[PDB]
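Q: Starting off with a structure, shown below.
What follows is calculated from the coordinates using simple rules that are stated; it is not laboratory data. So basically every Cβ, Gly included, is an ideal-geometry build from the backbone, and we count neighbours across all protein chains shown.
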Amino acid sequence: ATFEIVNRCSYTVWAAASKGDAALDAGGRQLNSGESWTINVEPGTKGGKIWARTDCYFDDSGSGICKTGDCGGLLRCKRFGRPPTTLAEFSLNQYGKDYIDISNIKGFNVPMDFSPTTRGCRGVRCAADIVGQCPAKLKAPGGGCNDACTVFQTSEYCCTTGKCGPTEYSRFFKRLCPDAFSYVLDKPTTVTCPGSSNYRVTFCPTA
């Protein structure tokens, strides 16, 4: 499947794409304001994620640090990024269907739109100013708004027992972005698409 990753932000982001144990395509790339990056994701990819990283510094060998979403100091991500990261999540060709969602479970750093470029389903978006409105305890110094599990490490926030409820913190993410997952047991906002669809991930879709 093809994913076009577009940076509509006025600032540079470092896009990342991974399935957790491996990079998706190149795994990462710098995207200046307006740049697009087209990637190929193998059919049958389960648990794929796309996210943006902000304020990165990399050397000539692709080793450095990012203030948000850093994946162990690499330009080309093989693993998932450090929170806060707004996440585009997908599982492709799962019994003839594609499953897409936007998640705030690992916090928020950049607004995003995740839409199909082919027919058969609607897109999802989380474009609210979550960073500006972020509760004081969830504010990440490097920028972004952390989820409560990352900050507090409790059974309730992390849904460790598989029995958790919404919280004051998850309600905040849900209020600003109803179409994104706000906690592990949130009522799914997953979108079902025909198998082998193509997509566009847009960072800062409005501004």
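Q: How many angstrom separate the Cα center of segment 34-110 from the Cα center of segment 183-207?
A: That distance is 13 Å.
Q: Order of 87, 138 from fewest to most other C-beta atoms within 10 Å?
A: Least to most surrounded, the residues fall as 138, 87.
Q: If you don't mind, another one. How high is the relative contact order of segment 88-128? Use alpha-carbon pairs under 8 Å, at least six apart in sequence, and give a whole percent.
A: Answer for segment 88-128 is 31 percent.
Q: Work out, step by step, the length gained on full extension between residue 206 and residue 61: first 0.36 nm times the residue separation, then minus their alpha carbon distance; give nm to one decimal.
A: 48.8 nm
Q: Now, a different point. For residue 133 and residue 38, calculate 0.36 nm times their separation in residues minus their Cα-Cα distance, and state this gained length in nm to one decimal.
A: Full extension from residue 133 to residue 38 adds 31.0 nm.
Q: While we're on this one: Leaving out same-chain residues fewer than 8 places away, which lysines sit with a Cα under 20 Å from that of residue 163?
A: Within the straight-line limit of under 20 Å, residue 163 reaches these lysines: 106, 174, 187.
Q: Moving on. So how do 89-101, 36-48 stack up, highest first, on mean other-Cβ count within 10 Å?
A: With the highest mean Cβ count within 10 Å placed first, the list reads 89-101, 36-48.
Q: For segment 21-149, give the magnitude of the charge dipole about the Cα centre (Cβ charges: +1 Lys/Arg, -1 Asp/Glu; no others), in debye to the nearest 20.
A: On the way: 16 positive and 14 negative charges, 63 e Å.
Dipole size: approximately 300 debye.
Q: Given the -39500 (n - 2.57) contribution per DSSP H run of 4+ residues, what per-residue ellipticity at 222 nm results for the chain, rounded to the nearest 500 deg cm²/dmol? List each step's numbers first, then the result.
A: Values: 4 runs with 22 residues, N = 207.
Estimated from H runs of four or more residues: -2000 deg cm²/dmol.
Q: Another question about this same structure. Please report the relative contact order for the chain, taking Cα pairs under 8 Å with a sequence separation of at least 6, and give it as a percent rounded to a whole number.
A: With pairs under 8 Å counted, the relative contact order is 23 percent.
Q: What is the sum of charges, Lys and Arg at +1 and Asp and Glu at -1, for the other residues whose Cβ falls under 13 Å from the Cβ of residue 24?
A: Details: positive: 19, 29, 46, 49, 76, 78, 79; negative: 21, 25, 42, 89.
Result for the local shell: +3.
Q: Could you check the spin-label model distance between residue 171 and residue 198? Points 7 Å from the Cα along Cα→Cβ, value in nm.
A: 4.4
Q: While we're looking at this one, here's another question. Positive end of the charge dipole of the chain (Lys, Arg +1 and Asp, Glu -1 on Cβ, about the Cα centre): tell me which of 165, 88, 107 has its Cα farthest that way.
A: Looking along the dipole axis, the top candidate is 165.
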